[PDB]
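Data first, discussion second: the structure below is written as structure tokens.
Computed from the coordinates by the stated procedures, all read-outs in this text should not be read as laboratory data. Cβ coordinates were reconstructed from backbone atoms using ideal geometry, including for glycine residues, and neighbour counts include every protein chain displayed.
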């Protein structure tokens, strides 16, 4: 199916569609071009003065993103963290034996020369610097991500985390809805500060300042939901990554899986640059998102739900995928995992036990056995499995519009 | 069918029709003649003065298109944008390794010498120049395109995008209906500024000023709707570009497809001149429009609709195409994709599964199998597929006059 | 409507042409992958 030809004259046509912006980019294929990640910390002038600049700025108004970045770099310039063994990623070396590397041990580079108020602000603010203020600035990135009334319930947990031998209060007052601190999300340099904080403390989990993580955590695997759903599927089915892979039954789910499992990406690595591929600006279009894995996401999350996931209840229903074909596939998988137990001997003392009506479903969880069974069922889902799917979806309550939960209850519980 | 002859005397007649203006032109066949794209920026006199000239002009009145062009070139003369790898299109080189190319790195050339008010206008306007005013001038091109009450709903989203660390207000007051800023559309030079802005930031997506894009986006693939509908068909059927191609069943859809898929056009290229073929004045008659692909557009969009597209609902019904023949073709395609699932094994562990009443439709989605089936159905659409077509179109609501949605519901839901 | 032409003869001709184009669809394969499909009551039209 490479070559297509016009039959009336015997000539060749080459089908080609307008590529949806940039391809997939990939983390690895980036470090092929550059060896560093540019952190443009603009002003490097007076660190004590900056503390007051951000404090008075945040207290209702337009605090400069350039300001807070300059502050965070000054406040988090702690060269703490005793390297346990060795640290290397995508070829870039960061640590050896007993190295004492800090948090900004990737590139810094100076930028611009335009600043706002000029010099020493209000000397009002005492130290209590590193202690809570950095937590807040990083904590607003977590709050800025969302857009529903969950904000005034996640900012609530912001204020109650700046009391760890601190206890102060709050700062701004204006409701979110993307307007105030949300500007920061689209700042290449800000996001780079948050990603380097999460990465540093993912390595140094036992560090005192590792509390900065919650607020900066939402950056690890940002736009990598498909990968998360693949892990969730393994946990919920109890099968191995290999077995689950063999249960892919649609062509365009296979494609997506292959896309996600490209060999040289360090996705299974403990402490890598890979999970921060977006916020470190390594990739303009993640290979691992739901958006670029729509068939896989729907299929995986539908099965997950039939199998009694509570996550899946509220997953997004993608657009432009073959719902009918995908849904019957997910049903077979879920029906197979749900019906009939395994029960096999695991350990012995030199003494084992070997194991070996008509429309009866197969013994175990092997794809080939079930595939053969589905053929003999006229390639249509049985009454038993439809009743299984019903039982699974009914008594789900208050499911939101455009979720897989809403799709699944509506499909299977008439 | 090349030669035709008169039978009574044995002489030759050559059928030939008056060609509808110019043929198809094509982007490639343009750079065969010229190596540059002329940008005639007339006046290159005083950039600070121009800021006031456009501001007071737009505040109700006739602001000169020559003025705003002179302004935009001055304001957007930012030589920003660090080139990632390499940039080349249709033979014209623009970038290499680590080049620092700006937004007007295609031709500029000076023009005329007639200007309006003379010298320094009102020094009223501060900087806030590049920050929001260029966004507006470019944003009026988006608003100018349309002609229905959608204007006062797309100009609403104009004003709310000039607040990104800006927040001002508005400018003119007069309703659109093509009269005020609509003149600009037919300005070769203005359209060239918008197209170079969209192209620059399609490459530099991560740039700060990339917000100018929304407003200038409607230029990428202007008059290339047929290409968009071909992509949409692939997404909605889930088939490949090659498979979809084989499902063309009308002679005049084949012709159109062939026209669109001409080999040397860079249509599948990431960052090319091709999508701006109209606004950069590369083509006087797009090969890729609905107007020049009427059979394909109708066929593609009808199928798309039967398959549950929400886009297609409101697509234009072209004129002078074989509705009857086209519609029965689209029906077969949609009926084939809708009925009967695929279900095939994708991955293995050295262990595969091979797959192999009377008027029963074919197994899968192969054209030959369905074509054979349609013959045996007396070359007329079955009751089952007519009932499929009904179910598909009924309960569609408020469909506009002269759309494919209106055609389809009226054909299939009596 | 012109003058001095054979309306009767002309009109029956036009009818045949229009009737032929209106009744019965075409439906033929246009593109392939090395895999074609060859196509081949009484007063039934052609």
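Looking at the range A:134-226 from every direction and averaging, what is the projected area of its Cα convex hull in nm²?
Mean shadow area of the hull around the Cα atoms is 6.6 nm².
Out of every Cα pair in the range A:35-87, what percent are spaced more than 15 Å from each other?
57
Sort B:157, B:271 by Cβ crowding within 10 Å, fewest neighbours at the top.
B:157, B:271
Counting only other chains, what is the mean number of Cβ atoms within 10 angstrom of the Cβ of each residue in peptide B:248-259?
4
Stick to Cα atoms and the Kirkwood definition of Rh, then tell me Rg/Rh for the range A:329-373.
Ratio value, two decimals: 1.08.
Apply the Debye scattering formula to the range B:234-302, with a single equal point scatterer on each alpha-carbon and no solvent, then give log10 I(q)/I(0) at q = 0.21, 0.27 Å⁻¹.
Each listed q corresponds, in turn, to -1.04, -1.31.
With no solvent and one point per C-alpha, what does the Debye sum give as log10 I(q)/I(0) for chain C at q = 0.17, 0.21, 0.23, 0.32 Å⁻¹?
-0.74, -0.87, -0.94, -1.16
Please pull out the direction-averaged projected area of the protein assembly as shown, using the convex hull of its alpha-carbon atoms, in nm² to one decimal place.
If you wrap the Cα atoms of the protein assembly as shown in a convex hull and average its projections, you get 52.2 nm².
Let's test this: bin the Cα-Cα distances of the range A:147-286 at 5 Å from zero up to the farthest pair and state each bin's percent.
2, 8, 13, 16, 17, 15, 12, 9, 5, 2, 1, 0
Can you give me the relative contact order of the range B:87-241 as a percent, contacts being Cα pairs under 8 Å and 6 or more apart?
Answer for the range B:87-241 is 23 percent.
How are the C-alpha pair distances of chain B spread across 10 Å bins, as whole percents from the shortest bin up?
4, 17, 23, 21, 17, 11, 5, 1, 0
With no solvent and one equal point scatterer placed on each C-alpha of the range A:92-150, evaluate the Debye formula and give log10 I(q)/I(0) for q = 0.20 Å⁻¹, two decimals.
-1.12
Sticking with the crude label model, points 7 Å out along Cα→Cβ, report the distance from residue B:14 to residue B:259 in nm, one decimal please.
With each label point 7 Å from Cα toward Cβ, the separation is 2.3 nm.
How many partner chain Cβ atoms sit within 10 Å of a residue's Cβ in peptide C:20-26, on average, as a whole number?
Rounded to a whole number, the mean comes out at 5.
Could you put B:205, B:409 in order, starting from the residue whose Cβ has the fewest other Cβ atoms within 10 Å?
B:205, B:409
Mind checking the mean number of beta-carbon atoms from other chains within 10 Å of the Cβ atoms in A:365-374?
Mean partner-chain Cβ count within 10 Å for A:365-374: 3.
Send over the semi-axes of the range B:1-84's equivalent ellipsoid, whole angstrom and largest first, taken as the square roots of 5 times the C-alpha gyration tensor eigenvalues.
Equivalent-ellipsoid dimensions as semi-axes: 55, 20, 10 Å.
I'm checking a number: the convex hull volume of the Cα atoms of the range B:221-413, normalised per residue, in Å³. What is it?
Per residue, the Cα convex hull of the range B:221-413 comes to 162 Å³.
Can you give me the pair-distance distribution of the range B:202-281, C-alpha pairs, 5 Å bins, whole percents?
Bins of 5 Å from zero give 3, 12, 18, 23, 18, 12, 9, 4, 2, 0 percent of pairs.
Take the Cα atoms of the range A:1-154, build their convex hull, and give its volume per residue in Å³.
265
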